[PDB]
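Residue numbers (the entry's author numbering), protein chains in the order written: chain n, 3 to 129; chain h, 1 to 206; chain l, 1 to 151; chain r, 1 to 114; chain x, 2 to 80; chain o, 5 to 102; chain s, 1 to 101. Heads up: the structure comes next, in structure tokens.
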Amino acid sequence: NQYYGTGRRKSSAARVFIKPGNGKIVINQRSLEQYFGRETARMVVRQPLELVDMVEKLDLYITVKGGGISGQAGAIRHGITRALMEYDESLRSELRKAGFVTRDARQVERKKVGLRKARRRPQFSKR
Amino acid sequence: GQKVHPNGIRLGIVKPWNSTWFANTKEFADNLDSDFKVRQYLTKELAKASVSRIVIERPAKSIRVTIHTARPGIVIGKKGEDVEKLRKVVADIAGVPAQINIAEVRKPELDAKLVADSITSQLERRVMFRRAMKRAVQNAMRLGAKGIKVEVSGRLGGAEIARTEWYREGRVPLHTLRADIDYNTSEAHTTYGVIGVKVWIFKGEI
Amino acid sequence: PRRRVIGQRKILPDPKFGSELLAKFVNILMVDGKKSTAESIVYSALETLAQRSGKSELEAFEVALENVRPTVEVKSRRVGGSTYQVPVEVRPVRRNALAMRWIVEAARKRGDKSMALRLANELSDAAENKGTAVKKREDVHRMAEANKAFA
Amino acid sequence: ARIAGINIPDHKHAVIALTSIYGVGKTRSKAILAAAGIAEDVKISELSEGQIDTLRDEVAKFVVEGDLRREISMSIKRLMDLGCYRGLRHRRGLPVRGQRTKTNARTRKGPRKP
Amino acid sequence: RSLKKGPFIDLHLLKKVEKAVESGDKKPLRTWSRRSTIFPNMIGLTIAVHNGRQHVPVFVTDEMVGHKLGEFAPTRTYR
Amino acid sequence: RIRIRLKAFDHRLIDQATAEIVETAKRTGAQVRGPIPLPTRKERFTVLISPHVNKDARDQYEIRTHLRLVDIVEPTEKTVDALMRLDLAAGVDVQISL
Amino acid sequence: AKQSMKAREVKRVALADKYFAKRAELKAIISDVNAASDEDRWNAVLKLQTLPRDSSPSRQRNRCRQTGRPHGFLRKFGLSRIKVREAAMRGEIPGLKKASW
RNA sequence: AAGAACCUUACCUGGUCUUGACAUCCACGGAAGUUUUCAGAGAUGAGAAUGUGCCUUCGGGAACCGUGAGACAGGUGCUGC
RNA sequence: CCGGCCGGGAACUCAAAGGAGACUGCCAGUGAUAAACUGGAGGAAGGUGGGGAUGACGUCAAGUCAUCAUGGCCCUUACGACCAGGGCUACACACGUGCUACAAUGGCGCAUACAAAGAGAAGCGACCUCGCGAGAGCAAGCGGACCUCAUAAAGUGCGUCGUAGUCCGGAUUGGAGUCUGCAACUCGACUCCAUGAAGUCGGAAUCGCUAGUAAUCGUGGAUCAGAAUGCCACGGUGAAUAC
Ligand SMILES: [Mg+2]
């Protein structure tokens, strides 16, 4: 009837309410065409949605915070994938086989003292 | 000097902080200054009493001081006249009432600080460095422990060049964090110069 | 590396009509993390060439590619004294990646109005096999095929 | 399009051509534009003389090529004859805002010849 | 380049200034106040400005008003 | 009503102090919201472990400030009096506001 | 450690606490946008030098309390990084440990 | 050096002092504290009005201020060989 | 008054605590039936899961007697101390590390969206007024999951520049303005008027990096009365190759 997906990626976190019905995207009270629908990474949130019909299967009331555009995009993707629980392992057996359920943290490494971006040194020079 | 401080690295896991109290940023500095003052003055006064350490707290804007030592009799004096003099001369500088309380340890040779202080007393008593080192290690290990390691730096022997020497007995994993290790370093000033003695005693394994 | 026998990373198919070779192409063009403008120019020049040649986009890109795709490559392996070159084949992965890199270089240079324009022009001259990436390939075949006595 | 200074722009937008006058920049040019009712996108090949006249009589308000040149000349000569730190630097060929001269300030000092 | 609200001077300095004003031209007045400005009345003085070790006698000028004394009292010597 | 905000450094001490104080407060001053964790604030410091060159050589220390809202809901007589004169468990700083 | 400079700073601090924060009126009040822009404020900013260079909060270098080290000083602990780390590794600063994350 | 306008400053000049700017002593004299004028670059000196208790051993005390010698203070002065 | 603004819930993220799990866990093969290696199930993560702190015996008779204490030496009416000003920012000139760039993925102007972690009371500093802008004034809240830094920028819609040492770029310089501070000459920052240079990818040689890394963008903190292109810390899009 109405299920929840958490979603998070690169310091970001979302909240998705999935419901059978129409197929519009309320993304932070905006539409996907507006939020990042003119910029790249547009079907990122749609990547987990073509293996199973979505145009007229269920709508999603979405909100996100943290991270950047693509960060919140990955957050919404993970949220979709967690919300996909009334569509359980019957579909995950393939969704996972193709990913979309792996957190893929690859968290940013803190800046280490003496470096410039945690890996960049100050232009060494012998003499 | 490339090694970390065992006590400092173990504070956040095993060992307890020396000064335990709370303060907002506005008075944290003056609080630490008062703590340093009371500490250095009490050390100046009772360095004879062979104090291992002192814990400092401040219950409700009133200062409290536990003295982990081994000669409570000397610390207090008969009837506690020393206790009273210290309380007064410390509350004068602290601005608050001071609850100073002694506490004995019946194994003084297991305290890094006490052992360093004894080695320093012998260093000014002209005792041989090798003999002092060996005797302290023996005292500790025979009284009971899972390992010890002593080191001395300076002009041991009063020679011309600086040579530092160490000696260990038993198991002493420093990179181990669960290792309750007693560590402290003293100083000794003789006609030849400065002498720094340090000790690490692997007291417990958890 | 010395010991590690790891493979290569796993890139994602492009949002636009499915592909991975041109996805890696756009990832190469991407500088300072400016993926949006890189993809914009990619698609612009892609559709430009598609409409100029009447074909479809990925197939026109494959046409412009196969022409710049080289045959061999020269590498140095000194053996007991004098150092020398040696012509040898190259993997298909690095082959197509180097072809795409030559394309990107010839596009970056020779700037008329915009990068979409440069990239479409290079795509065209490579499709008809008269560009600068194809001349880079010809220079590679010149380097090779001459010192082929080393083997 | 013979405005004060030299001002010989052809097919150039208003302010971008007017800044050519030594004595006017983008800001003062936009001010002149909004005063004389001139736009900041139309070029010289399209502007009319009935408005070039307003350009002339409006830029006549602030200092111009020659006036500003001679004003700066008399000011720096005043500094030089004053002989303050500013004039001493002006005469020794070093900057006056007090940046680095040990290494930098080669623009004002002179080419890195030796 | 600062202190919009009028100039700033020293008591001793202004006192000697007005004394010389009411007495006429006088010998160089030793002033260690390089952090002070000059007024329209001091034009004609021969005040000696401090540089750090020595005094530079300078004949004041009406144009030398908004400036300071360290301006015309060189401090660093080069060759 | 009574917004009760306590703060300490050591979680293993603030936890027990909060437990015992919430007990002594709700056992007679019930209708509490509980020990709202009030997430921790970390004051970090970077210092130069060396007194001289090797500026690159440094160290990083920090101090954790943990807090616990209690938020008692009723100004009870078993509360306004039996909360004061009970500021034990030193090392913690408490502030109650009606 | 230049006990003379220590007494210098102590003077500065005490004389400032005495004069300023109490007599800001001369330079921080009379120097206001109002009718006082006449000779009133001129005489105010003139009497400004009634105090010496001292008495100001700007001359407060905030040197270390233990060693007077001006550099490597932290306004929080009131001491320089040297003694800060010393007391920390000794365990005298409450709640201080090694920051690793 | 996680920060030079004064200061920071360990350097330079000039003006100053001396058991001294910094901690302590005896003895002597003044209670401090507070406001204010004069010269000076100011340090300082020349000053002018105000000011008295916490104990009675109560020939004075406890701080505070100034004068004389001395012990000493004081140094970012040397060697990190 | 559609601001979770509020009644109303502890659903959810988040939250601080207490735990589970991820340890070659098991299977197939290889391996001297051992160690162990490779692939696979489930699982978010598989073999030290990611990163960090943690620096063996000791070498370089390495750097600090200038942070401090100190062996000896040495000034000790002085190599001691105070104060005005100056210096450390000086400049024929050689070198090292960073920012700007040297442009069309764009300079450019207008309209639009998305960070985490922090700091803040003789400080942070609503609203409102002016101020091109420094920012000035009046004057709430906040010593804090409330009040302020604080609007995040790259990204995107429209278009000038449509290729020129050019609208790229901002240094040099004078008048005038704001601010920190006793005061801005030496010697501050900031905003406007005028200005636009070299510089068009960089010679030999040389540095960093195998992942969220680099590249690039932005934000916060310490130093501070005021004063970063630096340091530290956090987040933003997001690679490449590895025979
Ligand atoms: Mg030898």
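Don't be surprised by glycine CBs; every beta carbon is placed ideally from N, CA and C.
CA nearest to the CA of residue i, picked from the options
i, options, result
"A64 (chain l)", "l:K148, l:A151, l:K130", "l:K130"
"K2 (chain s)", "s:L48, s:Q66, s:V33, s:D38", "s:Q66"
"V150 (chain h)", "h:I119, h:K88, h:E27, h:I13", "h:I119"
"residue 214 (chain h)", "h:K26, h:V194, h:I102", "Here chain h comprises residues numbered 1 to 206, so residue 214 (chain h) is not present and cannot be evaluated."
"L123 (chain l)", "l:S82, l:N67, l:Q85", "l:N67"
"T164 (chain h)", "h:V194, h:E124, h:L174, h:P6", "h:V194"
"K46 (chain o)", "o:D97, o:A34, o:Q64, o:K30", "o:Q64"
"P8 (chain x)", "x:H56, x:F40, x:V50", "x:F40"
"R95 (chain l)", "l:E39, l:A133, l:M30", "l:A133"
"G7 (chain n)", "n:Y37, n:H80, n:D90", "n:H80"
"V65 (chain h)", "h:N18, h:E109, h:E81", "h:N18"
"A75 (chain n)", "n:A43, n:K26, n:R108", "n:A43"
"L117 (chain n)", "o:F49, o:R62, o:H56, o:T32", "o:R62"
Cβ-based burial, residue i [other Cβ within 10 Å; buried from 16]
i, result
"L12 (chain x)", "exposed"
"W21 (chain h)", "buried"
"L114 (chain h)", "buried"
"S101 (chain o)", "exposed"
"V140 (chain l)", "buried"
"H90 (chain r)", "buried"
"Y183 (chain h)", "buried"
"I201 (chain h)", "buried"
"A14 (chain s)", "exposed"
"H70 (chain o)", "buried"
"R108 (chain l)", "exposed"
"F126 (chain n)", "exposed"
"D35 (chain h)", "buried"
"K198 (chain h)", "buried"
"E57 (chain l)", "buried"
"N31 (chain h)", "buried"
"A116 (chain l)", "buried"
Identity of the residues DSSP links to residue i by a beta bridge
i, result
"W200 (chain h)", "h:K149, h:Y183"
"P22 (chain n)", "n:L60"
"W166 (chain h)", "h:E151"
"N101 (chain h)", "h:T66"
"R62 (chain o)", "According to DSSP, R62 (chain o) bridges with nothing at all."
"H189 (chain h)", "h:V194"
"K11 (chain o)", "o:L71, o:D97"
"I56 (chain h)", "h:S19, h:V65"
"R31 (chain x)", "x:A49"
Contact list for residue i against chain o, beta-carbon separation under 7 Å
i, result
"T20 (chain h)", "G95"
"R85 (chain s)", "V51, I53, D63"
Beta-carbon neighbours of residue i, restricted to chain x and to distances below 8 Å
i, result
"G83 (chain r)", "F73"
Neighbouring residues, chain s, relative to residue i (Cβ below 7 Å)
i, result
"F40 (chain x)", "Under the 7 Å cutoff, chain s gives no residues; its nearest Cβ is about 12 Å from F40 (chain x)."
heavy atom of ligand 2 below 7 Å from residue i C-beta
i, result
"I161 (chain h)", "Annotation note on ligand 2: not contained in the displayed structure, which lists ligand 1 as its ligands."
Chain-ordered neighbours of residue i on chain o, where CB pairs are closer than 9 Å
i, result
"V115 (chain n)", "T50, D60, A61, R62, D63, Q64"
Under 8 Å by beta carbon: chain s residues contacting residue i
i, result
"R68 (chain o)", "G95"
Chain s contact residues for residue i, given Cβ-Cβ distances below 9 Å
i, result
"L46 (chain h)", "Within 9 Å Cβ-Cβ: nothing; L46 (chain h) doesn't reach chain s, min ~18 Å."
Contact list for residue i against chain l, beta-carbon separation under 7 Å
i, result
"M45 (chain n)", "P15"
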